[PDB]
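# Observations on chain architecture
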Amino acid sequence: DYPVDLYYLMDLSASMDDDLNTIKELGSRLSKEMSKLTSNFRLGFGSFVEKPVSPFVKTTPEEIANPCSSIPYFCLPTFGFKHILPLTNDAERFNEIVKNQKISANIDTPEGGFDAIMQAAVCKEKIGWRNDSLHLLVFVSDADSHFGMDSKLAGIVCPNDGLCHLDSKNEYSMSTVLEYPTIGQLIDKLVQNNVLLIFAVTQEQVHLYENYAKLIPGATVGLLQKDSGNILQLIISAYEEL
Amino acid sequence: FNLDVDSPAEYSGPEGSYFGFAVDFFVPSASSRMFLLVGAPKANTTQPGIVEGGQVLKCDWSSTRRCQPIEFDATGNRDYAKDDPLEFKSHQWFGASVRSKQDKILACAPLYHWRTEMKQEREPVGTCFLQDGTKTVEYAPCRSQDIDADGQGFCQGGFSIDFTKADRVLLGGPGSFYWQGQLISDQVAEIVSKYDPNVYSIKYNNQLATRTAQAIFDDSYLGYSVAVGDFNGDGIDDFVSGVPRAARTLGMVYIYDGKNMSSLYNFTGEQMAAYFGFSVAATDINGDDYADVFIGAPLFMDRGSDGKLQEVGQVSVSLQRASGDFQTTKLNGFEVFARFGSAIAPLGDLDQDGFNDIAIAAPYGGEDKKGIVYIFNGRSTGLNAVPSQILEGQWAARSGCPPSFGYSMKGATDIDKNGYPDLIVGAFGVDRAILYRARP
Amino acid sequence: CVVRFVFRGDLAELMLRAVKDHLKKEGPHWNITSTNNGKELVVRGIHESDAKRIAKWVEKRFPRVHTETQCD
Ligand SMILES: *[C@@H]1O[C@H](CO)[C@@H](O[C@@H]2O[C@H](CO)[C@@H](O[C@@H]3O[C@H](CO[C@H]4O[C@H](CO)[C@@H](O)[C@H](O)[C@@H]4O)[C@@H](O)[C@H](O)[C@@H]3O)[C@H](O)[C@H]2NC(C)=O)[C@H](O)[C@H]1NC(C)=O
Ligand SMILES: *[C@@H]1O[C@H](CO)[C@@H](O)[C@H](O)[C@H]1NC(C)=O
Ligand SMILES: *[C@@H]1O[C@H](CO)[C@@H](O)[C@H](O)[C@H]1NC(C)=O
Ligand SMILES: [Ca+2]
Ligand SMILES: [Ca+2]
Ligand SMILES: [Ca+2]
Ligand SMILES: [Ca+2]
Ligand SMILES: [Mn+2]
Ligand SMILES: [Mn+2]
Ligand SMILES: [Mn+2]
């Protein structure tokens, strides 16, 4: 009866508007099924969008206030990464949080998913990863991501340090200061943090993440389906250990 | 192997200005004195109403070692209408890129924002200033009616610049067309002769440029970095341009015809997210009279002795042969996360041995991530894989960006007139620029 | 005739959705298909009438959207 700590990381960009309803279903289905693996089960939650910096985001005050402006449509302001729920035993709290997530937006196709992975894996003190448990990080998105050096276009030339930078609002305070992390850096820290990374993406986006998974040890991929249980199967088989 | 690293000429700017972010040499006509051109994109300057607008300073080699701002622009922001600014120069990073041809100085602001005439928008179109002798004009090839993300609205023209031998300005604008990227090439005579201070959008009739394509090419960043040289034997410098996110983050580099902008050659990386195409360079490295192609891939992960992947950086070298074919070899970095290949700069025939030599930087290597620059020799067989000389950064790291010695550099100019080309290496994290002389 | 609307960027889904809803209202009996996994919307079975309206409506209201029209 070995403990399992599950962290669910949701992409809230505009491109997720078509996906979000199925992501919420995956979240609650996961919570229910995880209860079948062990009594020592806990799960947390966080989310990400993009660096709120030109040219990734428009700087006119109307659009800053509402990045979906002139569609017309209302959505949340752009932010990098937020930590919402320290992993807990309160499965009901998890579901209530996931159900109330809302759309945010940015301009370009790739997202800030790599900043979010780095902080979620690194900030042990705020996420609550146990010393003796499986550490599972589920990454949900429908797009590719930015990585180190891509931020040069935004005027950001200070390399990611791989350190935890979450303030009193649980926001990534260095979002607009440091470069997106590189894969070599994500691997270094995911291994040090003993975290297994799962990439749940849509069909067109699967091959690309499969290629990344071949570089990142312990990483797996799957398809984000309405029949989302196909992802849970990765989590379940990962529990056998032996 | 012949750089004087013991007593270099060290120049400095205002703190926080990123002095040394970009460098070049200035060589004015006739028996004039040589000067160094050092960018400082976050310099506060004295421009009314503008904060951290950026500037370029002319630094004197002959004596004294003081630097003075070049008066490209000494005004505040122009208005479109009463209490409605036309342009936003604050934080434009002017001086982030500087190039010079003879007595012509080209400097740009990649983060310059402009108000589209049509509506009260603010888009990062980019802008350049070209000083030709005593006349300075504004050049803005991405400032037009082709607005928004699908157009040139997010071009950031001036992100990368160079000059051709045949009197043309080469400009990259990586954000064009939803980040497909665009290359633009214009005549220097045309840029100045068509200039009017009250015209914001100027059409250049002899302009060459790439065009927008299918969405499959979005997020590729063509024009991220550029270089020039003859790759088809027509006597006309052709265009070399990196495309770092092409082929699903595998990365590509394109070569276009210098006369009609038609694609001639393509290079592809070997590893996803190695950022192949981050930087490019062109030079004849083996003395075969044909330009060779140097492509960086700073995030490349190699396979260590323990089977573990590790990020070291990679540079590929493609030798041009008379048949049109290329012979490609590869050089890997020496330190993990040093990002070898971040900056590549031909040095010309540094040691006067008949072959051009070249420097490759690794800005985050060395103790305390001070930054390392490697010097490699050329030979009739290609590039010698082992470096002959290593330059170490000498400054303590500060908060934020590390000194990043080797971040940017330029050579192939004999500043002290001793027969050997010299080298300028920037270290913007500590607001510094360093001149290294080449010894006999 | 066929009209192909290509949406780009993070807002592509919201723009396509808005356009798609408009098209359903303007032409509820048209064959309207989502292609390229939600990045492109294609309308076919039309006859050089809507081409003068829907293609223009999208360009006017959403200038950033690319439109390609084909007829036989
Ligand atoms: C280096 O890689 C580049 C990128 O892949 C190569 O450039 C592309 O090469 C393809 C194949 O030749 C070209 O595709 C052609 O498209 C025309 C139709 O063009 C017109 O219609 C399209 C819309 O369908 C529109 O977007 C265009 O602007 C035109 O109005 C076809 O008739 C041809 O048969 C063929 O399919 C691409 O256009 C071309 N450019 C780009 C950006 O994709 C390049 O050739 C490679 N170079 C080397 C040396 O390998
Ligand atoms: C530029 O001036 C402003 C206003 O005094 C100041 O806040 C900013 O820190 C200065 N930037 C520098 C010295 O880089
Ligand atoms: C460009 O010029 C070369 C040499 O004259 C010619 O072979 C080629 O077809 C031209 N391409 C275009 C698009 O004009
Ligand atoms: Ca040529
Ligand atoms: Ca050669
Ligand atoms: Ca030599
Ligand atoms: Ca010299
Ligand atoms: Mn998105
Ligand atoms: Mn989606
Ligand atoms: Mn994006």
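Looking at the entry header, you'll see cryo-EM listed as the method and 3.4 Å as the resolution.

Right, let's get into the sheet that holds strand β34 (residues 409-413) of chain B. All names here are of chain B. Pairing within the open sheet is antiparallel, and its four strands lie in the order β1-β36-β35-β34. On the outer flanks of this sheet lie β1 (3-12) and β34, each paired with one strand and no other. Between one strand axis and the next, the sheet turns through 20° on average, direction left out of account. Both β34 and strand β35 (residues 422-427) contribute to a ladder of three bridges, which runs antiparallel. Opposite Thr413, over in β35, you have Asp422 as the bridge partner.

Listed as interface residues are 10 residues of chain C and, on the opposing side, 19 residues of chain A. Buried surface at the junction of chain C and chain A, summed over both partners, amounts to about 1,200 Å²; 52% is from carbon and sulfur atoms. In this structure, the connection of chain C to chain A is made through two salt bridges. On inspection of chain C and its partner chain A, the count reaches eight residue pairs in polar contact. Among the elements that take part in the side of chain C that touches chain A, helix α1 (residues 12-26) of chain C stands out by supplying three residues, more than any other. Taken together, the residues that form the side of chain C that touches chain A break down as three nonpolar, two polar and five charged.

Now for the site of ligand 2. Residue and element names in this part refer to chain B. Near ligand 2 the following residues occur: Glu15, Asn44 and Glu52. Between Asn44 and ligand 2, the recorded distance is 2.4 Å, taken from a side-chain N or O atom to an oxygen atom. Between ligand 2 and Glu52, the relevant distance is 3.0 Å, taken from a nitrogen atom to a side-chain nitrogen or oxygen of the residue. Bound to the protein, ligand 2 loses 38% of the 360 Å² it would expose on its own.

A few words on the interface of chain B and chain A. Residue-level contacts link 38 residues of chain B with 34 residues of chain A. Both faces considered, chain B and chain A share a buried interface measuring about 3,200 Å² in area, 68% of it formed by carbon and sulfur atoms. Of all residues in chain B, the largest losses of buried area upon contact with chain A belong to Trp179, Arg245 and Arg339 of chain B, amounting jointly to 16% of the total for that side. At the boundary of chain B with chain A, the tally comes to four salt bridges. Salt-bridge contacts for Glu179 of chain A lead to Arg339 of chain B; the nearest nitrogen and oxygen are separated by 3.1 Å. Between the two partners, chain B and chain A, sit 11 residue pairs in polar contact. The set of elements that each furnish at least two residues to the side of chain B that touches chain A consists of α3 (246-249) and β25 (309-311) of chain B.

Criteria and thresholds
- Residues numbered from 1 in each chain as written, not as in the entry; some residues may be left out.
- Chains lettered and ligands numbered in written order.
- Heavy atoms only, no water.
- Pairing = 2+ DSSP bridges.
- Helix = DSSP H or I, 4+ residues; strand = E, 2+ residues; numbered from the N terminus.
- Axes fitted to C-alpha atoms, helices over the stretch in contact; angles between N-to-C directions.
- Contact = heavy atoms within 4.5 Å.
- Buried area = accessible area lost by both parts, 1.4 Å probe.
- Salt bridge = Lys/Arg side-chain N within 4 Å of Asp/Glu carboxyl O.
- Polar contact = N/O pair within 3.5 Å; in protein donor to acceptor, adjacent residues only side chain to side chain.
- Nonpolar A, V, L, I, M, F, W, Y, C, P; charged D, E, K, R; others polar.
- Near = heavy atom within 4 Å.
- Areas by Shrake-Rupley, 256 points an atom, 1.4 Å probe, with all protein chains shown as cover.

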